[PDB]
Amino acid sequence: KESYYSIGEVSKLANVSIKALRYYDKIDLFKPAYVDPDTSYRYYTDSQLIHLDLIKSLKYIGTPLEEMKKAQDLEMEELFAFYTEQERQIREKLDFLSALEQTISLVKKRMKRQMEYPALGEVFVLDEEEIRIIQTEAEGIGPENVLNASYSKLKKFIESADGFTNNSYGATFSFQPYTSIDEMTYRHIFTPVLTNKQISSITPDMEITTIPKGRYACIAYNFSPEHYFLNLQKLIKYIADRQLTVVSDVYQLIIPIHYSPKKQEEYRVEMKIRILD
């Protein structure tokens, strides 16, 4: 009143940094009532401090400074609408985070899964829960043929749904009394899904199915060109000796263990086939 505030005074009163005030000046969002033409000092009236309310509040909810310059130009009925938009945007983030929170949980459940596995290289018969997936025909693809680029299209879709990208790669093949690896070929290659949201227009060459819930003869181990086939043989023998009946393809899942370009790569292999009790 009938006197001015120095930038530092305003800074203490409005709890805004002096740097912020200068910036808001330059950007023409909030300029001092008067600026001493000689010393360049900035002077503010007590009556204009009220404009920092709109700025401080809009800044709190994260609106762009360039956006604020528009807000302090609209009427109440328009500001009312402005806030209605913010609520629409908040609900949006709430849905996003709520879903993201769910996905992280699932990713953790499955992560803990392979961390607390009975024993490696040994065949176990456990009761598996369903695992939703997206697969495709593996036309002319086998164990010694696959490439990460083979899951390219599969990953693209998953990414547009789950947001997250798959970390594990899947394949399936007919249960046969194999003799050598060059004797086997993948039927489908797949990648697990984590979201329940409808993926963008999906192409007809992609199939959304699942790995049935049920009893499975499983075996897990760390990948090794040699152990890959020897372990399958081990699985096969287990079914043969117990005279078990297979009621599904052999499912294969390969998960990387570290993602560190410094240490030598190593993958976890998981094979399991569903049986009739």
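A residue's number is simply how far along the shown sequence it sits, counting from 1.
* Can you let me know which of the two, 71 to 79 or 130 to 138, has the higher average C-alpha B-factor in the entry? => It is 71 to 79.
* To do: Determine, for stretches 97 to 105 and 142 to 150, which one has the higher mean CA B-factor as deposited.
  => 97 to 105 has the higher mean C-alpha B-factor.
* Name the residue from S248, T210, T39, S47 with the greatest C-alpha temperature factor listed in the entry. => Of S248, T210, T39, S47, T39 has the highest C-alpha B-factor.
* Asked: Whose C-alpha has the highest temperature factor in the PDB entry: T185, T191, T203, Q89?
  -> It is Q89.
* Would you mind ranking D53 by its C-alpha B-factor against the rest of the chain and naming the third, lowest, middle or highest? => For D53, whose C-alpha B-factor we compare with every modelled residue in the chain, the answer is the lowest third.
* **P177, C-alpha B-factor rank within chain (lowest, middle or highest third)** => According to the entry, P177 has a C-alpha B-factor in the chain's middle third.
* What third of its chain's C-alpha B-factors does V35 belong to: lowest, middle or highest? -> Highest third of the chain for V35's C-alpha B-factor.
* **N231, C-alpha B-factor rank within chain (lowest, middle or highest third)** => Answer is middle: the recorded C-alpha B-factor places it there.
* Taking the chain's C-alpha temperature factors as the reference, tell me which third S11 falls into: lowest, middle or highest. => Lowest third.
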